[PDB]
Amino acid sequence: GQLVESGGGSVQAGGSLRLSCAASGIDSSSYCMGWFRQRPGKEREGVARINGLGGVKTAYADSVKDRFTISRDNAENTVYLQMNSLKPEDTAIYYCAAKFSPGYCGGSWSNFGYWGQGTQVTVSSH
């Protein structure tokens, strides 16, 4: 079980970035997959999650609802975070994560077990 984020970069307020999370070892279509972030000098917090067992339902932190979309491409064993309407406040290291076992997320950010190394997302204003 290994997760690797890519797609990070340094963009301008109002813009978009699409992060990818490539899973290895585990089959991400089976697992509750999530994105978390650690904003500068802040503790890690949940951002989005999508059910396992081939589910399509998702949940979001209030701060990102309607701006960010998590999705999974089961044929690529890859999870995406489409980040639109970016704000400087979204600047953070973003981490991909999976719960320990195939199944549904169960309505919580708890019990995430596999973590990527993270990818930097910087959003700047004038």
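Start at 1 and count along the sequence shown; that's the residue number.
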Stretch with higher mean Cα temperature factor, 74-82 vs 90-98, is 74-82
Highest mean C-alpha temperature factor of the two stretches 53-61 and 31-39, which is it?
53-61
Would you check the entry's CA temperature factor for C21 and let me know if it's in the chain's lowest, middle or highest third?
middle
Using the B-factor values recorded in the entry, state whether the Cα atom of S124 falls in the lowest, middle or highest third among the modelled residues of its chain.
lowest
